[PDB]
>>> print(open('query_8.pdb').read())   # PDB, C-alpha atoms
ATOM      1  CA  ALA A   1     -17.670  -2.087 -22.626  1.00  0.00           C
ATOM      2  CA  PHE A   2     -16.774  -1.461 -18.984  1.00  0.00           C
ATOM      3  CA  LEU A   3     -19.531  -3.834 -17.855  1.00  0.00           C
ATOM      4  CA  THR A   4     -18.388  -6.557 -20.261  1.00  0.00           C
ATOM      5  CA  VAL A   5     -14.639  -6.244 -19.651  1.00  0.00           C
ATOM      6  CA  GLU A   6     -14.615  -5.161 -15.947  1.00  0.00           C
ATOM      7  CA  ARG A   7     -11.111  -3.687 -15.779  1.00  0.00           C
ATOM      8  CA  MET A   8     -11.139  -3.469 -11.994  1.00  0.00           C
ATOM      9  CA  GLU A   9      -7.860  -2.072 -10.675  1.00  0.00           C
ATOM     10  CA  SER A  10      -6.852  -0.141  -7.571  1.00  0.00           C
ATOM     11  CA  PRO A  11      -5.623   3.407  -8.324  1.00  0.00           C
ATOM     12  CA  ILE A  12      -2.329   2.722  -6.521  1.00  0.00           C
ATOM     13  CA  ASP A  13       0.461   1.324  -8.685  1.00  0.00           C
ATOM     14  CA  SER A  14       3.629   2.991  -7.338  1.00  0.00           C
ATOM     15  CA  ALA A  15       5.236   4.213  -4.136  1.00  0.00           C
ATOM     16  CA  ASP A  16       4.677   7.827  -5.198  1.00  0.00           C
ATOM     17  CA  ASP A  17       1.045   7.054  -6.032  1.00  0.00           C
ATOM     18  CA  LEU A  18       0.696   5.423  -2.612  1.00  0.00           C
ATOM     19  CA  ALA A  19       2.162   8.538  -0.983  1.00  0.00           C
ATOM     20  CA  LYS A  20      -0.148  10.956  -2.828  1.00  0.00           C
ATOM     21  CA  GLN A  21      -3.429   9.598  -1.463  1.00  0.00           C
ATOM     22  CA  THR A  22      -4.387   9.205   2.197  1.00  0.00           C
ATOM     23  CA  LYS A  23      -7.705   7.305   2.258  1.00  0.00           C
ATOM     24  CA  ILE A  24      -6.076   3.865   2.555  1.00  0.00           C
ATOM     25  CA  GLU A  25      -3.886   3.324   5.603  1.00  0.00           C
ATOM     26  CA  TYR A  26      -0.275   2.242   5.122  1.00  0.00           C
ATOM     27  CA  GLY A  27       2.358   0.669   7.337  1.00  0.00           C
ATOM     28  CA  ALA A  28       5.067  -1.947   7.621  1.00  0.00           C
ATOM     29  CA  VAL A  29       6.577  -4.312  10.180  1.00  0.00           C
ATOM     30  CA  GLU A  30       6.949  -2.501  13.496  1.00  0.00           C
ATOM     31  CA  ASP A  31      10.656  -2.012  14.265  1.00  0.00           C
ATOM     32  CA  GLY A  32      11.350  -3.976  11.080  1.00  0.00           C
ATOM     33  CA  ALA A  33      14.148  -3.689   8.554  1.00  0.00           C
ATOM     34  CA  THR A  34      11.872  -1.790   6.160  1.00  0.00           C
ATOM     35  CA  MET A  35      10.934   1.006   8.563  1.00  0.00           C
ATOM     36  CA  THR A  36      14.524   1.277   9.806  1.00  0.00           C
ATOM     37  CA  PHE A  37      15.508   1.749   6.166  1.00  0.00           C
ATOM     38  CA  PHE A  38      12.844   4.455   5.964  1.00  0.00           C
ATOM     39  CA  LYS A  39      14.836   6.260   8.650  1.00  0.00           C
ATOM     40  CA  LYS A  40      17.501   8.494   7.048  1.00  0.00           C
ATOM     41  CA  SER A  41      16.178   7.461   3.609  1.00  0.00           C
ATOM     42  CA  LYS A  42      15.182  11.121   2.977  1.00  0.00           C
ATOM     43  CA  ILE A  43      13.729  10.424  -0.460  1.00  0.00           C
ATOM     44  CA  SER A  44      11.538  13.354  -1.503  1.00  0.00           C
ATOM     45  CA  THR A  45       8.475  11.087  -1.308  1.00  0.00           C
ATOM     46  CA  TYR A  46       9.594   8.572   1.335  1.00  0.00           C
ATOM     47  CA  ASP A  47      10.039  11.233   4.032  1.00  0.00           C
ATOM     48  CA  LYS A  48       6.281  11.803   3.970  1.00  0.00           C
ATOM     49  CA  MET A  49       5.894   8.018   4.087  1.00  0.00           C
ATOM     50  CA  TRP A  50       8.077   7.936   7.208  1.00  0.00           C
ATOM     51  CA  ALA A  51       5.998  10.662   8.835  1.00  0.00           C
TER      52      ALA A  51
ATOM     53  CA  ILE B   1      32.532 -13.989  14.626  1.00  0.00           C
ATOM     54  CA  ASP B   2      33.479 -16.693  17.156  1.00  0.00           C
ATOM     55  CA  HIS B   3      33.879 -19.253  14.320  1.00  0.00           C
ATOM     56  CA  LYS B   4      31.625 -21.801  16.048  1.00  0.00           C
ATOM     57  CA  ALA B   5      29.571 -22.172  12.839  1.00  0.00           C
ATOM     58  CA  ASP B   6      31.688 -21.176   9.839  1.00  0.00           C
ATOM     59  CA  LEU B   7      28.919 -21.338   7.221  1.00  0.00           C
ATOM     60  CA  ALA B   8      25.744 -19.283   7.650  1.00  0.00           C
ATOM     61  CA  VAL B   9      23.329 -20.289   4.890  1.00  0.00           C
ATOM     62  CA  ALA B  10      20.331 -18.226   5.995  1.00  0.00           C
ATOM     63  CA  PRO B  11      18.066 -15.377   4.778  1.00  0.00           C
ATOM     64  CA  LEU B  12      20.254 -12.735   6.433  1.00  0.00           C
ATOM     65  CA  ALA B  13      20.323  -9.400   4.620  1.00  0.00           C
ATOM     66  CA  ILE B  14      23.691  -7.952   3.627  1.00  0.00           C
ATOM     67  CA  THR B  15      23.772  -4.887   5.883  1.00  0.00           C
ATOM     68  CA  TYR B  16      26.626  -2.477   6.534  1.00  0.00           C
ATOM     69  CA  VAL B  17      26.698  -3.278  10.259  1.00  0.00           C
ATOM     70  CA  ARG B  18      26.851  -7.027   9.602  1.00  0.00           C
ATOM     71  CA  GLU B  19      29.526  -6.634   6.916  1.00  0.00           C
ATOM     72  CA  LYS B  20      31.755  -4.760   9.375  1.00  0.00           C
ATOM     73  CA  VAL B  21      31.765  -7.772  11.719  1.00  0.00           C
ATOM     74  CA  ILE B  22      31.349 -10.704   9.299  1.00  0.00           C
ATOM     75  CA  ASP B  23      31.935 -10.821   5.552  1.00  0.00           C
ATOM     76  CA  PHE B  24      29.113 -12.050   3.330  1.00  0.00           C
ATOM     77  CA  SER B  25      29.253 -13.933   0.060  1.00  0.00           C
ATOM     78  CA  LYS B  26      27.630 -12.570  -3.071  1.00  0.00           C
ATOM     79  CA  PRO B  27      23.808 -12.492  -2.916  1.00  0.00           C
ATOM     80  CA  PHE B  28      22.228 -15.619  -4.348  1.00  0.00           C
ATOM     81  CA  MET B  29      18.961 -13.648  -4.394  1.00  0.00           C
ATOM     82  CA  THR B  30      18.519  -9.868  -4.588  1.00  0.00           C
ATOM     83  CA  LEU B  31      15.503  -8.892  -2.493  1.00  0.00           C
ATOM     84  CA  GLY B  32      13.919  -5.458  -2.342  1.00  0.00           C
ATOM     85  CA  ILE B  33      11.082  -3.548  -0.731  1.00  0.00           C
ATOM     86  CA  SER B  34       7.711  -3.688  -2.494  1.00  0.00           C
ATOM     87  CA  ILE B  35       4.067  -2.751  -1.871  1.00  0.00           C
ATOM     88  CA  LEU B  36       1.501  -5.301  -0.682  1.00  0.00           C
ATOM     89  CA  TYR B  37      -2.239  -4.750  -1.079  1.00  0.00           C
ATOM     90  CA  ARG B  38      -5.315  -6.908  -1.666  1.00  0.00           C
ATOM     91  CA  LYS B  39      -6.479  -7.985  -5.097  1.00  0.00           C
ATOM     92  CA  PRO B  40      -8.431  -5.136  -6.724  1.00  0.00           C
ATOM     93  CA  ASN B  41     -12.127  -6.043  -6.553  1.00  0.00           C
ATOM     94  CA  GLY B  42     -13.397  -2.841  -8.138  1.00  0.00           C
ATOM     95  CA  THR B  43     -16.562  -1.196  -6.838  1.00  0.00           C
ATOM     96  CA  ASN B  44     -18.239   1.841  -8.375  1.00  0.00           C
ATOM     97  CA  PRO B  45     -19.024   4.662  -5.861  1.00  0.00           C
ATOM     98  CA  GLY B  46     -22.093   6.582  -6.999  1.00  0.00           C
ATOM     99  CA  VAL B  47     -21.168   9.754  -8.874  1.00  0.00           C
ATOM    100  CA  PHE B  48     -18.031   8.070 -10.174  1.00  0.00           C
ATOM    101  CA  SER B  49     -20.163   4.956 -10.723  1.00  0.00           C
ATOM    102  CA  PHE B  50     -22.309   6.587 -13.402  1.00  0.00           C
TER     103      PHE B  50
ATOM    104  CA  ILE C   1      45.562 -10.242 -14.454  1.00  0.00           C
ATOM    105  CA  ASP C   2      48.665  -8.066 -14.741  1.00  0.00           C
ATOM    106  CA  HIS C   3      48.296  -5.551 -11.938  1.00  0.00           C
ATOM    107  CA  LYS C   4      48.192  -2.408 -14.057  1.00  0.00           C
ATOM    108  CA  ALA C   5      44.954  -1.484 -12.255  1.00  0.00           C
ATOM    109  CA  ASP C   6      44.393  -2.250  -8.573  1.00  0.00           C
ATOM    110  CA  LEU C   7      40.607  -1.915  -9.001  1.00  0.00           C
ATOM    111  CA  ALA C   8      38.749  -2.485 -12.283  1.00  0.00           C
ATOM    112  CA  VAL C   9      35.552  -0.462 -11.868  1.00  0.00           C
ATOM    113  CA  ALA C  10      33.266  -0.826 -14.897  1.00  0.00           C
ATOM    114  CA  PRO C  11      29.654  -1.823 -15.665  1.00  0.00           C
ATOM    115  CA  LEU C  12      29.840  -5.618 -15.868  1.00  0.00           C
ATOM    116  CA  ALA C  13      27.539  -8.281 -14.455  1.00  0.00           C
ATOM    117  CA  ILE C  14      29.075 -10.681 -11.955  1.00  0.00           C
ATOM    118  CA  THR C  15      29.637 -13.989 -13.737  1.00  0.00           C
ATOM    119  CA  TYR C  16      31.004 -17.426 -12.908  1.00  0.00           C
ATOM    120  CA  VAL C  17      33.687 -17.315 -15.613  1.00  0.00           C
ATOM    121  CA  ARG C  18      35.230 -14.095 -14.268  1.00  0.00           C
ATOM    122  CA  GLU C  19      34.715 -14.660 -10.531  1.00  0.00           C
ATOM    123  CA  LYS C  20      37.217 -17.523 -10.351  1.00  0.00           C
ATOM    124  CA  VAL C  21      39.711 -15.533 -12.430  1.00  0.00           C
ATOM    125  CA  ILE C  22      39.380 -12.157 -10.678  1.00  0.00           C
ATOM    126  CA  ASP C  23      37.430 -10.971  -7.655  1.00  0.00           C
ATOM    127  CA  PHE C  24      34.266  -8.893  -8.013  1.00  0.00           C
ATOM    128  CA  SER C  25      32.792  -6.560  -5.415  1.00  0.00           C
ATOM    129  CA  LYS C  26      29.245  -6.800  -4.109  1.00  0.00           C
ATOM    130  CA  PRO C  27      26.493  -6.061  -6.658  1.00  0.00           C
ATOM    131  CA  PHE C  28      26.051  -2.297  -6.857  1.00  0.00           C
ATOM    132  CA  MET C  29      23.308  -2.699  -9.493  1.00  0.00           C
ATOM    133  CA  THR C  30      21.253  -5.890  -9.526  1.00  0.00           C
ATOM    134  CA  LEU C  31      19.590  -6.437 -12.892  1.00  0.00           C
ATOM    135  CA  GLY C  32      18.711  -8.989 -15.542  1.00  0.00           C
ATOM    136  CA  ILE C  33      17.499  -9.481 -19.076  1.00  0.00           C
ATOM    137  CA  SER C  34      14.145  -8.038 -20.125  1.00  0.00           C
ATOM    138  CA  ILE C  35      11.846  -7.812 -23.145  1.00  0.00           C
ATOM    139  CA  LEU C  36      11.212  -4.459 -24.841  1.00  0.00           C
ATOM    140  CA  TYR C  37       8.247  -3.774 -27.111  1.00  0.00           C
ATOM    141  CA  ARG C  38       6.566  -0.720 -28.603  1.00  0.00           C
ATOM    142  CA  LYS C  39       3.729   0.830 -26.622  1.00  0.00           C
ATOM    143  CA  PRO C  40       0.294  -0.170 -27.981  1.00  0.00           C
ATOM    144  CA  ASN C  41      -0.671   2.765 -30.209  1.00  0.00           C
ATOM    145  CA  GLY C  42      -4.453   2.800 -30.095  1.00  0.00           C
ATOM    146  CA  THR C  43      -6.621   4.688 -32.567  1.00  0.00           C
ATOM    147  CA  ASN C  44      -7.733   7.202 -29.947  1.00  0.00           C
ATOM    148  CA  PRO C  45      -6.604  10.470 -31.619  1.00  0.00           C
ATOM    149  CA  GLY C  46      -8.710  11.790 -34.467  1.00  0.00           C
ATOM    150  CA  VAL C  47     -11.969  13.717 -34.132  1.00  0.00           C
ATOM    151  CA  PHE C  48     -13.409  11.697 -37.040  1.00  0.00           C
ATOM    152  CA  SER C  49     -13.138   8.420 -35.096  1.00  0.00           C
ATOM    153  CA  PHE C  50     -16.794   8.719 -34.066  1.00  0.00           C
TER     154      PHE C  50
ATOM    155  CA  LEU D   1      12.507  -9.446 -15.439  1.00  0.00           C
ATOM    156  CA  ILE D   2      14.247 -12.380 -17.096  1.00  0.00           C
ATOM    157  CA  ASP D   3      17.693 -12.938 -15.581  1.00  0.00           C
ATOM    158  CA  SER D   4      19.261 -12.469 -12.131  1.00  0.00           C
ATOM    159  CA  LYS D   5      22.707 -10.946 -12.715  1.00  0.00           C
ATOM    160  CA  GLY D   6      24.019  -7.814 -11.029  1.00  0.00           C
ATOM    161  CA  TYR D   7      26.964  -5.643 -11.993  1.00  0.00           C
ATOM    162  CA  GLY D   8      30.305  -5.711 -10.198  1.00  0.00           C
ATOM    163  CA  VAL D   9      33.799  -4.264 -10.379  1.00  0.00           C
ATOM    164  CA  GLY D  10      37.035  -6.124 -10.985  1.00  0.00           C
ATOM    165  CA  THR D  11      39.301  -6.675  -8.000  1.00  0.00           C
ATOM    166  CA  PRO D  12      42.508  -8.671  -7.442  1.00  0.00           C
ATOM    167  CA  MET D  13      42.012 -12.015  -5.731  1.00  0.00           C
ATOM    168  CA  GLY D  14      43.600 -10.740  -2.515  1.00  0.00           C
ATOM    169  CA  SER D  15      43.216  -6.968  -2.769  1.00  0.00           C
ATOM    170  CA  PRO D  16      42.253  -5.216   0.494  1.00  0.00           C
ATOM    171  CA  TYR D  17      40.221  -2.767  -1.614  1.00  0.00           C
ATOM    172  CA  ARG D  18      37.570  -5.479  -2.062  1.00  0.00           C
ATOM    173  CA  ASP D  19      36.216  -5.271   1.490  1.00  0.00           C
ATOM    174  CA  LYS D  20      36.601  -1.484   1.608  1.00  0.00           C
ATOM    175  CA  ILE D  21      34.600  -1.081  -1.610  1.00  0.00           C
ATOM    176  CA  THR D  22      32.045  -3.535  -0.218  1.00  0.00           C
ATOM    177  CA  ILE D  23      31.626  -1.423   2.922  1.00  0.00           C
ATOM    178  CA  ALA D  24      31.401   1.757   0.841  1.00  0.00           C
ATOM    179  CA  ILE D  25      28.742   0.387  -1.516  1.00  0.00           C
ATOM    180  CA  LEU D  26      26.651  -1.014   1.343  1.00  0.00           C
ATOM    181  CA  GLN D  27      26.882   2.443   2.923  1.00  0.00           C
ATOM    182  CA  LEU D  28      25.736   3.966  -0.376  1.00  0.00           C
ATOM    183  CA  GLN D  29      22.809   1.536  -0.503  1.00  0.00           C
ATOM    184  CA  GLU D  30      21.813   2.258   3.104  1.00  0.00           C
ATOM    185  CA  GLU D  31      22.011   6.049   2.775  1.00  0.00           C
ATOM    186  CA  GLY D  32      19.812   5.914  -0.330  1.00  0.00           C
ATOM    187  CA  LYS D  33      21.890   8.107  -2.646  1.00  0.00           C
ATOM    188  CA  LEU D  34      22.193   5.139  -5.017  1.00  0.00           C
ATOM    189  CA  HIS D  35      18.555   5.683  -6.020  1.00  0.00           C
ATOM    190  CA  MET D  36      19.190   9.280  -7.083  1.00  0.00           C
ATOM    191  CA  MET D  37      22.478   8.084  -8.593  1.00  0.00           C
ATOM    192  CA  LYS D  38      20.456   5.765 -10.835  1.00  0.00           C
ATOM    193  CA  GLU D  39      17.880   8.486 -11.513  1.00  0.00           C
ATOM    194  CA  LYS D  40      20.369  11.152 -12.616  1.00  0.00           C
ATOM    195  CA  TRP D  41      21.828   9.042 -15.437  1.00  0.00           C
ATOM    196  CA  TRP D  42      18.624   7.080 -16.159  1.00  0.00           C
ATOM    197  CA  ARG D  43      15.541   9.152 -15.278  1.00  0.00           C
ATOM    198  CA  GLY D  44      16.981  12.629 -14.692  1.00  0.00           C
ATOM    199  CA  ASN D  45      17.814  13.184 -18.357  1.00  0.00           C
ATOM    200  CA  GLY D  46      14.309  11.963 -19.239  1.00  0.00           C
ATOM    201  CA  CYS D  47      12.607  14.791 -17.370  1.00  0.00           C
ATOM    202  CA  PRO D  48      10.897  16.249 -20.499  1.00  0.00           C
ATOM    203  CA  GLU D  49      10.962  12.914 -22.346  1.00  0.00           C
ATOM    204  CA  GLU D  50       8.338  11.333 -20.076  1.00  0.00           C
ATOM    205  CA  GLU D  51       4.901  10.517 -21.467  1.00  0.00           C
TER     206      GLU D  51
ATOM    207  CA  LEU E   1      10.664  -2.939  -6.321  1.00  0.00           C
ATOM    208  CA  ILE E   2      11.873  -0.163  -4.014  1.00  0.00           C
ATOM    209  CA  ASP E   3      15.329  -1.258  -2.810  1.00  0.00           C
ATOM    210  CA  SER E   4      17.967  -3.809  -3.827  1.00  0.00           C
ATOM    211  CA  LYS E   5      19.143  -5.685  -0.734  1.00  0.00           C
ATOM    212  CA  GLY E   6      20.675  -9.145  -0.928  1.00  0.00           C
ATOM    213  CA  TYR E   7      20.878 -12.314   1.128  1.00  0.00           C
ATOM    214  CA  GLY E   8      23.807 -14.687   1.528  1.00  0.00           C
ATOM    215  CA  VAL E   9      25.993 -16.539   3.992  1.00  0.00           C
ATOM    216  CA  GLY E  10      27.968 -15.075   6.890  1.00  0.00           C
ATOM    217  CA  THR E  11      31.728 -15.575   6.988  1.00  0.00           C
ATOM    218  CA  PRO E  12      34.699 -14.064   8.845  1.00  0.00           C
ATOM    219  CA  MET E  13      37.350 -11.889   7.190  1.00  0.00           C
ATOM    220  CA  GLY E  14      38.743 -13.562   4.082  1.00  0.00           C
ATOM    221  CA  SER E  15      37.095 -16.934   4.631  1.00  0.00           C
ATOM    222  CA  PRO E  16      38.505 -19.392   2.051  1.00  0.00           C
ATOM    223  CA  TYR E  17      35.155 -21.200   1.930  1.00  0.00           C
ATOM    224  CA  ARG E  18      33.379 -17.950   1.015  1.00  0.00           C
ATOM    225  CA  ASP E  19      35.372 -17.401  -2.178  1.00  0.00           C
ATOM    226  CA  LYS E  20      34.484 -20.914  -3.374  1.00  0.00           C
ATOM    227  CA  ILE E  21      30.846 -20.864  -2.251  1.00  0.00           C
ATOM    228  CA  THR E  22      30.341 -17.612  -4.171  1.00  0.00           C
ATOM    229  CA  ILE E  23      31.699 -19.313  -7.302  1.00  0.00           C
ATOM    230  CA  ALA E  24      29.370 -22.254  -6.661  1.00  0.00           C
ATOM    231  CA  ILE E  25      26.285 -20.068  -6.221  1.00  0.00           C
ATOM    232  CA  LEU E  26      27.217 -18.082  -9.340  1.00  0.00           C
ATOM    233  CA  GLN E  27      27.451 -21.377 -11.238  1.00  0.00           C
ATOM    234  CA  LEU E  28      24.032 -22.480  -9.971  1.00  0.00           C
ATOM    235  CA  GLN E  29      22.535 -19.076 -10.821  1.00  0.00           C
ATOM    236  CA  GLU E  30      23.905 -19.217 -14.369  1.00  0.00           C
ATOM    237  CA  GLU E  31      22.645 -22.814 -14.600  1.00  0.00           C
ATOM    238  CA  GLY E  32      19.090 -21.773 -13.690  1.00  0.00           C
ATOM    239  CA  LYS E  33      18.891 -24.186 -10.749  1.00  0.00           C
ATOM    240  CA  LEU E  34      18.264 -21.487  -8.130  1.00  0.00           C
ATOM    241  CA  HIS E  35      15.123 -20.224  -9.923  1.00  0.00           C
ATOM    242  CA  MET E  36      13.082 -23.427 -10.236  1.00  0.00           C
ATOM    243  CA  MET E  37      13.515 -23.791  -6.480  1.00  0.00           C
ATOM    244  CA  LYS E  38      12.803 -20.055  -6.146  1.00  0.00           C
ATOM    245  CA  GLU E  39       9.370 -20.852  -7.603  1.00  0.00           C
ATOM    246  CA  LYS E  40       8.917 -24.325  -6.085  1.00  0.00           C
ATOM    247  CA  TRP E  41       7.675 -23.357  -2.605  1.00  0.00           C
ATOM    248  CA  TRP E  42       5.791 -20.301  -3.915  1.00  0.00           C
ATOM    249  CA  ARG E  43       3.043 -21.508  -6.287  1.00  0.00           C
ATOM    250  CA  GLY E  44       1.413 -23.839  -3.795  1.00  0.00           C
ATOM    251  CA  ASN E  45      -1.966 -23.235  -5.443  1.00  0.00           C
ATOM    252  CA  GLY E  46      -1.078 -21.226  -8.556  1.00  0.00           C
ATOM    253  CA  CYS E  47      -3.469 -18.532  -9.787  1.00  0.00           C
ATOM    254  CA  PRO E  48      -7.127 -19.657  -9.677  1.00  0.00           C
ATOM    255  CA  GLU E  49      -8.954 -17.291 -12.027  1.00  0.00           C
ATOM    256  CA  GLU E  50     -12.350 -17.536 -13.723  1.00  0.00           C
ATOM    257  CA  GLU E  51     -13.350 -14.014 -14.886  1.00  0.00           C
TER     258      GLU E  51
END
>>> encode(input="query_8.pdb", output="structure tokens")
Amino acid sequence: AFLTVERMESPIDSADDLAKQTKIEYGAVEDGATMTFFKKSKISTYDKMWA
Amino acid sequence: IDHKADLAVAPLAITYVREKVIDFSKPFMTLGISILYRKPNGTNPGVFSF
Amino acid sequence: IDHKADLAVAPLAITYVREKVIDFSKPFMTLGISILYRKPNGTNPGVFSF
Amino acid sequence: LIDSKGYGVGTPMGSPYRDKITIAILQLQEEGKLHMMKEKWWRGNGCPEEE
Amino acid sequence: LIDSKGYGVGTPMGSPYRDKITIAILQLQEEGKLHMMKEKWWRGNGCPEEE
């Protein structure tokens, strides 16, 4: 069934899911609006994203 | 702020610093941060593969 | 319309019909319509399914 | 999503509270407490209800 | 989505043109005009899928 239907899908589907794993590198626009927002955001999962 | 160009139709985000100096109209479009990553072309890695 | 309340704070989408009549603040919760449907209940439970 | 319509609060046509509330809500958006504000009344009560 | 920023025009304090342009853009949004354009320059090639 897997061979016939080939439900290929990356394990990441959410920001928290992205934060849990570390194999795939992350990032955003350097000195961009997004990363500046990540400053002081202090969400329980986005602080680790900032680091 | 100097009123040289009164209208500012442009993709300028409504930020607190900008709003202090110039007022913005209501957002025609509400943008937000998302996650960008390639299309999932699944590959099966050995032990997980079988 | 009659200034009993100097600020009418309430959950209400910004609309054309009301904006001309009374002023609305910036969108504190952007949203829209959506479609709700029951989760697909597969026939997974049941040890006799084999 | 289907529609593009965000909530708002009534304000007199020339009330000075309009710009003050605008500044306050942009500050709330920037600081990020609006996310937990949404969560407390939307996701916080669903803490055991999740599947 | 992660955050809920917004775009728009820049105007000075209490610009009379702002309070009419916001009504105009609300009218266009409720008329659906701003969405067909919001998809016009996006689907340059669509989604080519074979599976």
>>> calpha_fit_rmsd(input="query_8.pdb", fixed="chain D", moving="chain E")
2.8 Å
>>> resolve_selection(input="query_8.pdb", expression="the PyMOL selection byres ((chain A and resi 24) around 12)", output="ChimeraX atom specification")
/A:10-12,17-23,25-27 /B:37-38
>>> calpha_fit_rmsd(input="query_8.pdb", fixed="chain B", moving="chain C")
4.3 Å
>>> atom_distance(input="query_8.pdb", atom1="CA of residue 16 in chain E", atom2="CA of residue 6 in chain B")
10.5 Å
>>> interface_residues(input="query_8.pdb", of="chain A", to="chain D", cutoff="8 Å", atoms="only C-alpha atoms", output="PyMOL selection string")
chain A and resi 37+40-43
>>> resolve_selection(input="query_8.pdb", expression="the PyMOL selection byres ((chain E) within 9 of (chain B))", output="count of residues only")
25
>>> interface_residues(input="query_8.pdb", of="chain A", to="chain B", cutoff="9 Å", atoms="only C-alpha atoms", output="list in words")
residues 6, 7, 8, 9, 10, 13, 14, 15, 18 and 34 of chain A
>>> atom_distance(input="query_8.pdb", atom1="CA of residue 41 in chain E", atom2="CA of residue 36 in chain A")
28.4 Å
>>> atom_distance(input="query_8.pdb", atom1="CA of residue 38 in chain D", atom2="CA of residue 48 in chain A")
21.4 Å
>>> build_atoms(input="query_8.pdb", residues="range 17-29 of chain B", atoms="N, CA, C and O atoms", output="PDB file, in the coordinates of the input")
ATOM      1  N   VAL B  17      26.271  -2.908   8.913  1.00  0.00           N
ATOM      2  CA  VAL B  17      26.698  -3.278  10.259  1.00  0.00           C
ATOM      3  C   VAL B  17      27.170  -4.727  10.295  1.00  0.00           C
ATOM      4  O   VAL B  17      28.192  -5.044  10.915  1.00  0.00           O
ATOM      5  N   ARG B  18      26.437  -5.629   9.640  1.00  0.00           N
ATOM      6  CA  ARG B  18      26.851  -7.027   9.602  1.00  0.00           C
ATOM      7  C   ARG B  18      28.160  -7.199   8.843  1.00  0.00           C
ATOM      8  O   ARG B  18      29.030  -7.973   9.262  1.00  0.00           O
ATOM      9  N   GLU B  19      28.320  -6.486   7.724  1.00  0.00           N
ATOM     10  CA  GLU B  19      29.526  -6.634   6.916  1.00  0.00           C
ATOM     11  C   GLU B  19      30.769  -6.166   7.661  1.00  0.00           C
ATOM     12  O   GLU B  19      31.869  -6.664   7.400  1.00  0.00           O
ATOM     13  N   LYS B  20      30.616  -5.213   8.583  1.00  0.00           N
ATOM     14  CA  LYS B  20      31.755  -4.760   9.375  1.00  0.00           C
ATOM     15  C   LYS B  20      32.276  -5.860  10.289  1.00  0.00           C
ATOM     16  O   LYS B  20      33.480  -5.918  10.561  1.00  0.00           O
ATOM     17  N   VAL B  21      31.396  -6.734  10.767  1.00  0.00           N
ATOM     18  CA  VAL B  21      31.765  -7.772  11.719  1.00  0.00           C
ATOM     19  C   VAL B  21      32.011  -9.108  11.030  1.00  0.00           C
ATOM     20  O   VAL B  21      32.943  -9.828  11.389  1.00  0.00           O
ATOM     21  N   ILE B  22      31.187  -9.461  10.045  1.00  0.00           N
ATOM     22  CA  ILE B  22      31.349 -10.704   9.299  1.00  0.00           C
ATOM     23  C   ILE B  22      31.162 -10.417   7.816  1.00  0.00           C
ATOM     24  O   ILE B  22      30.225  -9.716   7.420  1.00  0.00           O
ATOM     25  N   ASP B  23      32.058 -10.957   6.996  1.00  0.00           N
ATOM     26  CA  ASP B  23      31.935 -10.821   5.552  1.00  0.00           C
ATOM     27  C   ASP B  23      30.856 -11.752   5.012  1.00  0.00           C
ATOM     28  O   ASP B  23      30.663 -12.869   5.500  1.00  0.00           O
ATOM     29  N   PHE B  24      30.151 -11.278   3.992  1.00  0.00           N
ATOM     30  CA  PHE B  24      29.113 -12.050   3.330  1.00  0.00           C
ATOM     31  C   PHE B  24      29.543 -12.415   1.917  1.00  0.00           C
ATOM     32  O   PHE B  24      30.299 -11.684   1.272  1.00  0.00           O
ATOM     33  N   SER B  25      29.066 -13.564   1.450  1.00  0.00           N
ATOM     34  CA  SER B  25      29.253 -13.933   0.060  1.00  0.00           C
ATOM     35  C   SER B  25      28.322 -13.111  -0.825  1.00  0.00           C
ATOM     36  O   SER B  25      27.484 -12.339  -0.350  1.00  0.00           O
ATOM     37  N   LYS B  26      28.478 -13.282  -2.132  1.00  0.00           N
ATOM     38  CA  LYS B  26      27.630 -12.570  -3.071  1.00  0.00           C
ATOM     39  C   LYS B  26      26.181 -13.034  -2.928  1.00  0.00           C
ATOM     40  O   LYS B  26      25.921 -14.195  -2.604  1.00  0.00           O
ATOM     41  N   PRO B  27      25.218 -12.137  -3.140  1.00  0.00           N
ATOM     42  CA  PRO B  27      23.808 -12.492  -2.916  1.00  0.00           C
ATOM     43  C   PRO B  27      23.321 -13.496  -3.949  1.00  0.00           C
ATOM     44  O   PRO B  27      23.339 -13.228  -5.152  1.00  0.00           O
ATOM     45  N   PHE B  28      22.887 -14.663  -3.468  1.00  0.00           N
ATOM     46  CA  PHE B  28      22.228 -15.619  -4.348  1.00  0.00           C
ATOM     47  C   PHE B  28      20.909 -15.060  -4.862  1.00  0.00           C
ATOM     48  O   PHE B  28      20.511 -15.329  -6.002  1.00  0.00           O
ATOM     49  N   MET B  29      20.220 -14.280  -4.035  1.00  0.00           N
ATOM     50  CA  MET B  29      18.961 -13.648  -4.394  1.00  0.00           C
ATOM     51  C   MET B  29      19.000 -12.189  -3.964  1.00  0.00           C
ATOM     52  O   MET B  29      19.464 -11.869  -2.866  1.00  0.00           O
TER      53      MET B  29
END
